[PDB]
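What follows is a set of notes on a single structure, which appears directly below.
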Amino acid sequence: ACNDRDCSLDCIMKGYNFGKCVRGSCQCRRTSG
């Protein structure tokens, strides 16, 4: 249960930019500039 809604919201709050569920997991990515 990665819950794309509860996974992206919690990740976007930590300070990341975008993420997604993988193999039933929850990973995110961070961007900069």
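In the structure tokens, chains take letters A, B, ... by order of appearance, with residues numbered from 1 within each chain and ligands from 1 in the order shown.
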- DSSP helix (DSSP H, G or I) residues within chain A, as a PyMOL selection string: chain A and resi 4-14
- Residue list (strand (DSSP E), DSSP) for chain A, as a VMD selection string: chain A and resid 18 to 22 25 to 29
List as a CSV table (one decimal) with C-alpha atoms, in the first residue's frame the protein and nucleic acid residues near segment 18-25 of chain A, meaning an atom at most 8 Å away when only C-alpha atoms are counted, but skip any in the same chain fewer than 2 places from it.
```csv
chain,number,residue,atom,x,y,z
A,1,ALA,CA,0.0,0.0,0.0
A,2,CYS,CA,2.2,2.9,-1.2
A,3,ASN,CA,-0.8,5.2,-1.5
A,4,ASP,CA,0.4,7.5,-4.3
A,7,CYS,CA,3.4,9.0,-0.5
A,8,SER,CA,3.6,12.1,-2.7
A,11,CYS,CA,7.5,13.4,0.3
A,12,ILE,CA,6.6,16.8,-1.2
A,16,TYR,CA,11.5,16.9,-2.3
A,27,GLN,CA,10.5,6.6,-3.6
A,28,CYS,CA,10.9,10.3,-4.3
A,29,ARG,CA,13.4,12.6,-6.1
A,30,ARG,CA,14.9,16.0,-5.3
```
